[PDB]
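Reading through the structure tokens given below for one structure.
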Amino acid sequence: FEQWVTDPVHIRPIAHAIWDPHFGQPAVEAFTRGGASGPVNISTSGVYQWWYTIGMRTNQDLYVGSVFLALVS
Amino acid sequence: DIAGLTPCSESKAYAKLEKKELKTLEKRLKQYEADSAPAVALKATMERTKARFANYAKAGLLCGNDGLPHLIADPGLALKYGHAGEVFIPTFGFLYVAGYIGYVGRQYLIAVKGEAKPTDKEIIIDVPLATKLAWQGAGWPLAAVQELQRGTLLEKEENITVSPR
Amino acid sequence: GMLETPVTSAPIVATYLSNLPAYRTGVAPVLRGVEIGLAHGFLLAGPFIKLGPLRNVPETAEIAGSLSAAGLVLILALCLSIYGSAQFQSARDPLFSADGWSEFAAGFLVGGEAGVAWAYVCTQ
Amino acid sequence: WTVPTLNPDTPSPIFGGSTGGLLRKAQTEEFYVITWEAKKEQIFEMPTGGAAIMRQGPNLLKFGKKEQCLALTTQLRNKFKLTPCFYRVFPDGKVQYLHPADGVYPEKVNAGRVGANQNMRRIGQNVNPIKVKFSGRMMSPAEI
Amino acid sequence: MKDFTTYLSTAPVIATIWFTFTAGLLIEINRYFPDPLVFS
Amino acid sequence: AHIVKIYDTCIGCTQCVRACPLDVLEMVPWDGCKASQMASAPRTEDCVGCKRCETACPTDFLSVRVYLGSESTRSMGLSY
Amino acid sequence: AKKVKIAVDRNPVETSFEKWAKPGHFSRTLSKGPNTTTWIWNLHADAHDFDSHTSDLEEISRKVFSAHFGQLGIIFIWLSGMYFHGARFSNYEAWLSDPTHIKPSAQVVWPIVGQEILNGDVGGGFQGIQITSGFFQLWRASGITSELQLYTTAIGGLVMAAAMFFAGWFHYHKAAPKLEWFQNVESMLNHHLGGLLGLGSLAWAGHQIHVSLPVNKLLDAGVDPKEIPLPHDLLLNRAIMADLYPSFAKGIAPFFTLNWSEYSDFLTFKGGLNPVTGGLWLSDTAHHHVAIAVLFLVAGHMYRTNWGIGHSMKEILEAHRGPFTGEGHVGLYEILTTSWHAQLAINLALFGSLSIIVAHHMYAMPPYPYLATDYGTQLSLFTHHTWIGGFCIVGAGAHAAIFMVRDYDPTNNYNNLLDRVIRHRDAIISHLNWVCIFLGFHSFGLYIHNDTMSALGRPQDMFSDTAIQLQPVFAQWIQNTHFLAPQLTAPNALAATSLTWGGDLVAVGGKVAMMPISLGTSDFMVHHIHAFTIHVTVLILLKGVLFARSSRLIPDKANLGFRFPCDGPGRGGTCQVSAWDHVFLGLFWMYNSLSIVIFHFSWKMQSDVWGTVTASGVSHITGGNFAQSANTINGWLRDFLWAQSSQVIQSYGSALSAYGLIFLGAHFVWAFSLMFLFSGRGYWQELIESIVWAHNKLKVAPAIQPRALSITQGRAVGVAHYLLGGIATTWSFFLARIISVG
Ligand code: CLA
Ligand code: CLA
Ligand code: CLA
Ligand code: CLA
Ligand code: CLA
Ligand SMILES: CC1=C(C/C=C(\C)CCC[C@H](C)CCC[C@H](C)CCCC(C)C)C(=O)c2ccccc2C1=O
């Protein structure tokens, strides 16, 4: 998110990381992208654009929201 | 013109389309003889193609950016700009035939309900009666309206079976 | 009655089955569990080692395959245990009872893991 | 008429056997026995599949469910004109008799029978489902 | 002959003749007036 | 067990009793029809829900009705 | 000792149109006329169910015999049309001169509504639809060289068609054979073995020896067709025949003096394919039909009719009695002489299996000239005769169950082979059930294993030739054995029967006619798919036959009949228990299994056999991608269905544009069928009630009460549309593809 907010036009958002022991090495390399540590999925739900529009700018902004909603749950 | 369309007679894409179709036919032509059977058939096709493109332009149709005729359905726009023959006039052409067929069938169905065995008059058609009703259907719009005003077109609500409610 | 057939009713077949651990009555359920577990556990290592994802590694193939065979025996032991819980909640053989089956499942785990370990020792 | 008593030693038809016979249910829950008298030896069709020869005199068969017994009863009655009767037998040894419940086949009206599950109304006079709601269980308007 | 003409009056026979006639009329019209798109 | 109900439009044709493949129904005396007999359902615990009885009833609407209910070994028609 | 003799009845029935005007006359139920629309469907459904109209076997047999004359008369009209259209609307004469460059065509369309574009450029100064029926190759092999010869056959075909319809009328209304006549099975086999097959083979050998061989010998030499001697000149002038085949100079003396080796020049045993035309040697084909003629003529003298010598079929059956099978084949003779359905069940089973065998042998041993290099004809003929065989086999199950319900009588069957089979049906179905589950996992699971390993980037873990291997060692051994047969086991054969076993390819006109076919891991996997889908089809059909009369669910299923929808929602639900429904389900699986068979054939041939021969070597249509790609489901989707459907979807604006339209239309009919399969008539009867109300409101309600289709007709309508749409979709896809590239 923090990298995407800088250049949203030319960066693919990341949904979450992949830990699949069944993967082969070509699969691990194939899904590594976006400057991530390892394989990741690209987000398609638009939460990046939504959260960026409503004022979120850093990962700590998302962390506080996550704990707040877990408490509300 | 209407909705940004242009007359096909003035459309550049429309003219180019005719050349493409004729060019395709001409390409096949040059592999035959002058007056062989295949050559004559191909020449006949080209004549119809040229006639078709002249007729549509002469009819004053509208062509889009695709260079293909488009039809106008609004009665006001059709009568305003002389496109009544695309949809509006054919609308009343179909309904006359559709009502003709339906009215003739309804007359025959009522006619045989009076017979002793109506079911056998449906699988085995009473051709003399059907031909008689076929000709009298030409005036169905007049007969149809008069039934409506006299109240004999519809059954009574009390004579129609319905499910529990 | 039922359709008689040599396979269903033959002398040679009947004697062979009567000597199997499952049908050999008079033996404690735990001991039968160990005897059955050892046989299956020993065989279970074969396919994992030869056709596993790490089969082409020189030395890791033996360890990885056997370690996966041990895991499957553990899962099977759970299946045996819960089956006894569901089936026996309230007859001639002690095995088909709540007390007998629980001992049987425990023996299978001990025998099965021993068989997997014994299979590994054969390789190295 | 008095309730017949089953004779377990009754001879059974000449049948080789099949795989369509009794299962473990017969040993744990129940099974059914059908008996009848045969005028002459004849071939009939087993509801479980195959053909069997009925001995002259008493015959006895065992089936896995009631419908199988009453399927054979229809054959014997309609085609060979016999009069069979069958029971329900439990693993504990108890024997329950039925069909004919009172000795007369149900198709024929007999005095002494008491009407059961008879509603003195038409189907169209049942109440609406809303009026039998929250009655403790799913209840149709026909039940009340 | 009365029965034979009765057979020709059966529904399948009438439909075959009727649609054969109807189809022929439409085919012939398009043979002499090819490519009709607008009443004109 | 299924629920089987006999309604007062029965004409005592006996066709439902003949059709039933499990001897669930029987005929009993009655005074509400010309035949002076009515169908009865004393053994519904053996009913399987085939609805052969409803197929055989001449009256309109049916005079015998089957409402499928709780399942069991007998009503599910199992031999195992 | 009832003598075998002709027995008929005079004027059994009167020829009148009275009953033509009374629909339903044949059945008591439908004779009263219609009250609901259900009557109309019942009229057509039961029209040919003779066994249910009357209980008299003699009356049933007479209708069957004449209904067969009507079928023969229809085939002659169809055959006459094919020969006539070849004479008048084909480019056959031009094709004879340049067979390798001119596409066969025998259908021409009229110039209306712009459909004349379907008259494509096929060659020979001719415009028409290209045909894949292979009639041009058949006519060339027989020696037809002019449209006059085609025209005369068509006229003869119509005369035969008229004779067939006269025979049907004569043998039903004038002189109808009696029941005792129909039951001479020994006599019928004698005439049909030695008379129909035997003399038919000998007569055709006469045509080949005297017409086909001389004409095709000159055609292959390059002689202009118009300059070849006419067939009657070859027959009348032994001098001409001697020039082509010197053996004719000796007449028929060698035949009667047993010097049969004199005829070695035109009665050969070469084997292989003719290099000039790419088809089987006609001299080999003539010796085949001469040998077959003698074998069948001997076969026709086996059964005893009127003169003591011979076999009694009843005695043979009753003598074959073993320890494991109780009574044995006792009672089968009475079953097979009193049940038409039992006879039909056997004949459909083997006739269908024969049609499938024809498909395999004709492609591997192309019997006609220029058949092999015409890839459209090869693909069409193999696919056509596989579908015919598939439907016939499913019918065999249908009519085996009809026998079991209607014609089966326990009194005649006690402890015989038939009875004992019924008494362990649970053992049979339970074992066949397990085999299908085993075959489904270990054949289709391998494809799922490969697809997952490939998607995970683990190609080394796949089942393939470059990975874990599954070689058809048994099939490969047989291919090598047949390749070396001429050396030791068939010394007098010059070449192997087919070029599929091995050796060198034969190329005609720059295209491969046939070459060795290699079997690898992909072939191993696909073959075990065939075994899986065939075994499942047997399970469904065999289950229906064995449980037609009763089961543990419906103990009295026979009384319900052969074709009923259910026995109600009781016992949990009994939908589709009747034996008719096992045919209904069996049709889907037969369609599923044969679709893979014709996809296997189409991809394997294009990838490994068909192609263009050039200086460097053979380049195949799909470039040998079968071996590496057909081991995953994704490979079939991408490389076969997606890539090869390019031709059909780009057909608009060309002569093949018709296949594009039918490709879409077939997709439509298939999806339309799911409406009938996924729904039930309860919804539709209520829908019609509201529709009928509108008609009642307008005094236009019909006298024949509308009814939703029955439960069974919904299933029949569903499967018929499902099959038509699915099969027509492949039909368009195959022809537009192979015609475009092949
Ligand atoms: C199916 C519905 C429908 C719709 C969406 C339209 C839409 C249109 N019609 Mg059409 N029309 C229809 C049915 C419809 N019509 C029918 C059934 C008839 C009778 C056979 C007509 C007869 C008709 C005429 C005579 C005229 C239009 C015109 C129009 C345009 C503007 C006025 C209008 O109708 O506003 C929206 C439509 C409706 C609310 C439905 C009723 C419309 C009535 C029947 C016509 C109204 C004409 C209007 C008073 C003209 C004022 C001058 C105009 C330049 C502003 C518009 C494109 C006018 C035009 O050519 O404009 C360029 C015009 O002169 N229509
Ligand atoms: C003109 C001559 C003639 C006449 C008047 C009759 C009259 C009679 N026949 Mg006879 N019959 C004839 C010729 C004739 N037959 C011939 C040529 C044959 C040999 C096939 C037979 C074989 C025959 C049999 C086996 C039977 C009769 C029967 C009958 C009776 C009823 C027939 C009926 O309802 O037909 C009406 C039926 C039709 C009009 C259907 C015609 C079917 C033909 C074969 C055409 C098939 C076309 C095919 C489906 C095309 C493909 C369709 C696709 C394109 C959609 C009646 C006494 C029946 C009888 O006596 O029952 C008690 C009976 O069982 N006939
Ligand atoms: C059924 C198949 C068949 C038929 C019909 C023929 C027919 C013929 N073959 Mg062939 N042939 C066949 C199979 C056949 N062959 C096979 C399988 C082989 C391989 C072994 C051969 C090998 C072969 C050879 C090597 C030769 C022939 C030859 C012939 C011709 C002369 C035979 C001869 O001398 O007959 C002798 C006599 C008869 C057959 C009897 C004729 C009886 C007549 C028809 C009776 C008419 C009676 C009547 C009342 C009179 C009319 C009265 C009326 C006008 C009023 C003849 C056209 C010869 C030939 O000429 O080849 C070009 C020849 O050399 N064939
Ligand atoms: C030699 C072949 C043969 C023969 C002589 C018969 C004969 C018979 N079969 Mg059998 N059958 C066969 C093959 C054969 N079958 C095959 C191959 C199958 C597998 C599909 C079956 C499956 C089968 C079933 C499931 C049943 C029969 C039944 C019957 C009996 C009545 C048939 C009837 O009334 O049809 C009347 C004919 C029709 C209603 C016409 C059907 C039209 C089809 C569905 C059209 C399909 C599309 C078309 C071919 C192409 C497109 C058309 C175009 C207009 C779009 C009769 C004894 C029935 C019976 O009761 O037997 C005791 C029965 O239930 N057969
Ligand atoms: C793609 C669709 C599809 C599939 C997968 C199946 C599957 C099956 N059908 Mg069915 N069927 C279908 C469509 C399908 N059918 C349709 C459309 C119809 C209507 C005409 C029918 C009608 C029908 C009938 C009438 C019959 C079958 C039968 C069968 C079975 C064949 C034997 C077997 O067990 O194979 C093995 C099973 C498979 C190949 C399924 C896929 C297995 C995967 C690839 C591997 C296992 C997964 C693995 C354990 C991982 C799971 C992880 C997860 C738990 C987290 C099987 C269960 C026959 C049967 O029951 O035979 C015993 C049978 O009689 N089908
Ligand atoms: C659509 C559908 C229907 C409704 C379909 C019906 C009633 C068939 C309609 C057939 C035709 C279209 C109606 C009869 C047409 C007449 C012959 C008149 C035609 C006159 C000219 C136009 C030719 C069922 O009845 C049904 C039953 C069981 C399972 C599924 C379904 C199902 O899916």
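Here's how to read the names in the structure tokens: chain A, B, ... by the order shown, residue numbers from 1 in each chain, ligand numbers from 1 in the order shown.
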**Message:** List as a ChimeraX atom specification the protein and nucleic acid residues near residue 105 in chain C, meaning an atom at most 7 Å away when only C-alpha atoms are counted, but skip any in the same chain fewer than 2 places from it.
**Reply:** /C:33,77,80-81,101-103,107-109
**Request:** Please provide as a list in words all residues within 10 Å of range 26-38 of chain B, with the sequence filter that same-chain residues fewer than 3 positions apart are discarded (counting only C-alpha atoms).
**Result:** residues 20, 21, 22, 23, 41, 42, 43 and 46 of chain B; 119, 120, 121, 123, 124, 125, 126, 127 and 128 of chain G
**Message:** as a PyMOL selection string, please: every protein or nucleic acid residue near ligand 2 (cut-off 6 Å, counting only C-alpha atoms and all ligand atoms).
**Reply:** chain G and resi 14-17+19-20+26+63+66-67+69-70+165-166+168-169+172
**Prompt:** chain F residues within 6 Å of chain D, counting only C-alpha atoms: which ones, as a PyMOL selection string?
**Reply:** chain F and resi 5-8+17+22+26-28+40-42+79-80
Output the selection as a PDB file, in the first residue's frame - N, CA, C and O atoms for each residue.
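The result, written out as result.pdb:
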ATOM      1  N   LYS F   5     -54.926 -39.798   4.845  1.00  0.00           N
ATOM      2  CA  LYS F   5     -56.244 -39.360   5.276  1.00  0.00           C
ATOM      3  C   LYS F   5     -57.277 -39.731   4.226  1.00  0.00           C
ATOM      4  O   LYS F   5     -57.029 -39.597   3.025  1.00  0.00           O
ATOM      5  N   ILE F   6     -58.434 -40.193   4.686  1.00  0.00           N
ATOM      6  CA  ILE F   6     -59.568 -40.510   3.827  1.00  0.00           C
ATOM      7  C   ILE F   6     -60.638 -39.459   4.071  1.00  0.00           C
ATOM      8  O   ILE F   6     -61.003 -39.193   5.222  1.00  0.00           O
ATOM      9  N   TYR F   7     -61.135 -38.861   2.997  1.00  0.00           N
ATOM     10  CA  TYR F   7     -62.106 -37.784   3.079  1.00  0.00           C
ATOM     11  C   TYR F   7     -63.488 -38.292   2.694  1.00  0.00           C
ATOM     12  O   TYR F   7     -63.635 -39.323   2.033  1.00  0.00           O
ATOM     13  N   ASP F   8     -64.505 -37.549   3.112  1.00  0.00           N
ATOM     14  CA  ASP F   8     -65.884 -38.015   3.008  1.00  0.00           C
ATOM     15  C   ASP F   8     -66.414 -38.020   1.593  1.00  0.00           C
ATOM     16  O   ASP F   8     -67.613 -38.262   1.431  1.00  0.00           O
ATOM     17  N   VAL F  17     -57.463 -49.540  -2.097  1.00  0.00           N
ATOM     18  CA  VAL F  17     -57.016 -50.691  -1.320  1.00  0.00           C
ATOM     19  C   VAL F  17     -56.310 -51.700  -2.216  1.00  0.00           C
ATOM     20  O   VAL F  17     -55.262 -52.246  -1.852  1.00  0.00           O
ATOM     21  N   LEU F  22     -48.572 -52.308   0.059  1.00  0.00           N
ATOM     22  CA  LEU F  22     -48.125 -52.658   1.402  1.00  0.00           C
ATOM     23  C   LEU F  22     -49.281 -52.919   2.357  1.00  0.00           C
ATOM     24  O   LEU F  22     -49.056 -52.971   3.571  1.00  0.00           O
ATOM     25  N   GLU F  26     -57.733 -50.388   4.005  1.00  0.00           N
ATOM     26  CA  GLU F  26     -58.764 -51.415   4.030  1.00  0.00           C
ATOM     27  C   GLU F  26     -60.122 -50.735   3.961  1.00  0.00           C
ATOM     28  O   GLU F  26     -60.246 -49.534   4.207  1.00  0.00           O
ATOM     29  N   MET F  27     -61.138 -51.522   3.625  1.00  0.00           N
ATOM     30  CA  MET F  27     -62.502 -51.030   3.504  1.00  0.00           C
ATOM     31  C   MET F  27     -63.278 -51.339   4.776  1.00  0.00           C
ATOM     32  O   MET F  27     -63.133 -52.418   5.356  1.00  0.00           O
ATOM     33  N   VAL F  28     -64.095 -50.384   5.211  1.00  0.00           N
ATOM     34  CA  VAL F  28     -64.908 -50.557   6.412  1.00  0.00           C
ATOM     35  C   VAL F  28     -66.337 -50.140   6.096  1.00  0.00           C
ATOM     36  O   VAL F  28     -66.581 -49.364   5.158  1.00  0.00           O
ATOM     37  N   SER F  40     -60.179 -47.010   4.704  1.00  0.00           N
ATOM     38  CA  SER F  40     -59.579 -46.767   6.007  1.00  0.00           C
ATOM     39  C   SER F  40     -58.073 -46.949   5.894  1.00  0.00           C
ATOM     40  O   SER F  40     -57.582 -47.658   5.016  1.00  0.00           O
ATOM     41  N   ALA F  41     -57.342 -46.297   6.795  1.00  0.00           N
ATOM     42  CA  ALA F  41     -55.880 -46.332   6.809  1.00  0.00           C
ATOM     43  C   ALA F  41     -55.398 -46.700   8.206  1.00  0.00           C
ATOM     44  O   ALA F  41     -54.851 -45.862   8.933  1.00  0.00           O
ATOM     45  N   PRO F  42     -55.578 -47.960   8.611  1.00  0.00           N
ATOM     46  CA  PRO F  42     -55.188 -48.355   9.971  1.00  0.00           C
ATOM     47  C   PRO F  42     -53.711 -48.654  10.149  1.00  0.00           C
ATOM     48  O   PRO F  42     -53.251 -48.708  11.297  1.00  0.00           O
ATOM     49  N   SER F  79     -34.397 -52.738   2.786  1.00  0.00           N
ATOM     50  CA  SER F  79     -34.238 -54.136   3.157  1.00  0.00           C
ATOM     51  C   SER F  79     -32.877 -54.399   3.791  1.00  0.00           C
ATOM     52  O   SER F  79     -32.439 -55.551   3.865  1.00  0.00           O
ATOM     53  N   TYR F  80     -32.200 -53.350   4.244  1.00  0.00           N
ATOM     54  CA  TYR F  80     -30.900 -53.483   4.886  1.00  0.00           C
ATOM     55  C   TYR F  80     -30.777 -52.506   6.048  1.00  0.00           C
ATOM     56  O   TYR F  80     -29.744 -52.436   6.712  1.00  0.00           O
TER      57      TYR F  80
END
Using only C-alpha atoms, what table do you get, as a Markdown table, when you list each residue of chain G with an atom no more than 8 Å from chain D, its nearest pair of atoms, and their distance in Å rounded to one decimal, rows by chain then rising number?
| residue | atom | partner | partner_atom | distance |
| --- | --- | --- | --- | --- |
| G:410 | CA | D:51 | CA | 5.7 |
| G:411 | CA | D:43 | CA | 5.6 |
| G:413 | CA | D:51 | CA | 7.5 |
| G:414 | CA | D:51 | CA | 6.0 |
| G:415 | CA | D:51 | CA | 7.8 |
| G:419 | CA | D:50 | CA | 5.8 |
| G:420 | CA | D:50 | CA | 7.5 |
| G:422 | CA | D:50 | CA | 6.0 |
| G:423 | CA | D:18 | CA | 4.5 |
| G:424 | CA | D:19 | CA | 5.2 |
| G:425 | CA | D:19 | CA | 7.2 |
| G:426 | CA | D:19 | CA | 6.1 |
| G:427 | CA | D:19 | CA | 7.0 |
| G:549 | CA | D:49 | CA | 7.9 |
| G:550 | CA | D:47 | CA | 6.4 |
| G:551 | CA | D:48 | CA | 6.7 |
| G:552 | CA | D:48 | CA | 7.0 |
| G:555 | CA | D:47 | CA | 5.3 |
| G:556 | CA | D:71 | CA | 6.2 |
**Message:** Applying 9 Å and only C-alpha atoms, which residues near residue 88 in chain B remain after dropping the ones on its own chain fewer than 4 positions away? List them as a PyMOL selection string.
**Reply:** chain B and resi 72-75+78-79+83-84+92-93
So that I have them on file, write out the residues from the current selection with N, CA, C and O atoms, as a CSV table (one decimal), in the first residue's frame.
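Printed below is again.csv as written:
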chain,number,residue,atom,x,y,z
B,72,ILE,N,-35.1,3.4,-38.7
B,72,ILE,CA,-35.7,4.4,-37.8
B,72,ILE,C,-37.1,3.8,-37.3
B,72,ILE,O,-37.9,3.5,-38.2
B,73,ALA,N,-37.3,3.7,-36.0
B,73,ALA,CA,-38.5,3.1,-35.5
B,73,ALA,C,-39.5,4.0,-34.9
B,73,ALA,O,-40.7,3.7,-34.8
B,74,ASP,N,-39.0,5.2,-34.4
B,74,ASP,CA,-40.0,6.2,-33.9
B,74,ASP,C,-40.9,6.6,-35.0
B,74,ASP,O,-40.5,7.1,-36.0
B,75,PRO,N,-42.3,6.5,-34.8
B,75,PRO,CA,-43.2,7.0,-35.8
B,75,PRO,C,-43.0,8.5,-36.1
B,75,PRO,O,-43.1,8.9,-37.3
B,78,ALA,N,-39.9,8.9,-38.2
B,78,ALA,CA,-40.1,8.2,-39.5
B,78,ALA,C,-40.9,9.1,-40.5
B,78,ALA,O,-40.5,9.3,-41.6
B,79,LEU,N,-42.1,9.5,-40.0
B,79,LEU,CA,-42.9,10.3,-40.8
B,79,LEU,C,-42.3,11.7,-41.1
B,79,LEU,O,-42.6,12.3,-42.1
B,83,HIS,N,-39.0,8.1,-43.5
B,83,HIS,CA,-38.5,6.7,-43.3
B,83,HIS,C,-39.7,5.8,-42.9
B,83,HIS,O,-39.5,4.8,-42.2
B,84,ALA,N,-40.9,6.1,-43.3
B,84,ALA,CA,-42.1,5.4,-42.9
B,84,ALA,C,-42.0,3.9,-43.4
B,84,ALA,O,-42.6,3.0,-42.8
B,92,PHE,N,-47.9,-2.1,-39.7
B,92,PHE,CA,-49.3,-2.3,-40.0
B,92,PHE,C,-49.4,-3.3,-41.1
B,92,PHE,O,-50.5,-3.9,-41.2
B,93,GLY,N,-48.4,-3.6,-41.9
B,93,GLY,CA,-48.5,-4.7,-42.8
B,93,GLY,C,-48.5,-6.1,-42.1
B,93,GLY,O,-49.3,-6.9,-42.5
**Request:** Could you tell me, counting only C-alpha atoms and all ligand atoms, which protein and nucleic acid residues lie no more than 6 Å from ligand 6, written as a ChimeraX atom specification?
**Result:** /G:675-676,679-681,684,708-711,714
Please check the contacts: residues of chain C at most 12 Å away from chain A, using only C-alpha atoms, listed as a CSV table (one decimal) with C-alpha atoms, in the first residue's frame.
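Heads up, here's the output in part39.csv:
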chain,number,residue,atom,x,y,z
C,52,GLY,CA,7.1,-38.8,-3.7
C,53,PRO,CA,7.9,-35.2,-4.6
C,54,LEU,CA,11.5,-35.7,-3.2
**Request:** Can you tell me which residues come within 10 Å of ligand 5 when counting only C-alpha atoms and all ligand atoms, ideally as a ChimeraX atom specification?
**Result:** /G:429-449,532-533,535-541,543,581-592,677,719
**Prompt:** Do you know which residues are at most 12 Å from residue 58 in chain F counting only C-alpha atoms, after dropping those on the same chain fewer than 3 positions away, and could you put them as a list in words?
**Reply:** residues 9, 10, 11, 12, 13, 14, 15, 16, 53, 54, 55, 61, 62, 63 and 64 of chain F
**Message:** What does the list of residues within 6 Å of ligand 4 look like if you count only C-alpha atoms and all ligand atoms, written as a PyMOL selection string?
**Reply:** chain G and resi 44-49+391-392+394-395+398+402+580+720
Output for the residues just chosen: C-alpha atoms as a JSON list (two decimals), in the first residue's frame:
[["chain", "number", "residue", "atom", "x", "y", "z"],
["G", 44, "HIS", "CA", -46.69, -41.75, -33.02],
["G", 45, "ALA", "CA", -45.02, -43.40, -30.02],
["G", 46, "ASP", "CA", -46.94, -46.69, -30.35],
["G", 47, "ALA", "CA", -47.26, -46.86, -34.15],
["G", 48, "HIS", "CA", -44.49, -49.43, -34.63],
["G", 49, "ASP", "CA", -44.89, -51.22, -31.28],
["G", 391, "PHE", "CA", -26.55, -46.08, -31.34],
["G", 392, "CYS", "CA", -27.09, -49.72, -32.35],
["G", 394, "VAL", "CA", -27.52, -48.82, -26.96],
["G", 395, "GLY", "CA", -30.53, -50.20, -28.79],
["G", 398, "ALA", "CA", -33.08, -51.32, -24.91],
["G", 402, "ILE", "CA", -38.02, -55.23, -23.45],
["G", 580, "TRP", "CA", -36.37, -47.51, -20.37],
["G", 720, "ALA", "CA", -32.89, -36.38, -28.60]]
**Request:** Show me which residues sit within 10 Å of ligand 3 when counting only C-alpha atoms and all ligand atoms, and put them as a PyMOL selection string.
**Result:** chain G and resi 199-211+232-242+245-256+260+262-263+266-267+286-287+289-291+293-294
Wanna dump the chain G-chain B contacts at 9 Å for me, each residue with its shortest atom pair and the distance in Å to one decimal, counting only C-alpha atoms, ordered by chain and number, as CSV?
residue,atom,partner,partner_atom,distance
G:21,CA,B:124,CA,8.3
G:33,CA,B:120,CA,7.0
G:34,CA,B:119,CA,6.3
G:35,CA,B:119,CA,6.6
G:36,CA,B:119,CA,9.0
G:40,CA,B:123,CA,8.9
G:111,CA,B:41,CA,8.4
G:114,CA,B:45,CA,8.3
G:116,CA,B:45,CA,8.4
G:121,CA,B:28,CA,8.0
G:125,CA,B:32,CA,6.4
G:126,CA,B:38,CA,6.4
G:127,CA,B:38,CA,6.3
G:689,CA,B:162,CA,8.7
G:690,CA,B:162,CA,8.9
G:693,CA,B:160,CA,7.3
G:696,CA,B:160,CA,6.7
G:697,CA,B:155,CA,5.0
G:698,CA,B:154,CA,4.9
G:699,CA,B:155,CA,6.3
G:700,CA,B:106,CA,5.5
G:701,CA,B:109,CA,8.0
G:702,CA,B:109,CA,7.0
G:703,CA,B:119,CA,5.6
G:704,CA,B:119,CA,5.8
**Request:** Provide as a PyMOL selection string the residues of chain B at most 7 Å from chain E, counting only C-alpha atoms.
**Result:** chain B and resi 52+59+85-86+123-125+127
**Request:** Hey, list the chain G side of the contact with chain A: 10 Å cut-off, only C-alpha atoms, answer as a list in words.
**Result:** residues 452, 453, 454, 455, 456, 457, 458 and 459 of chain G
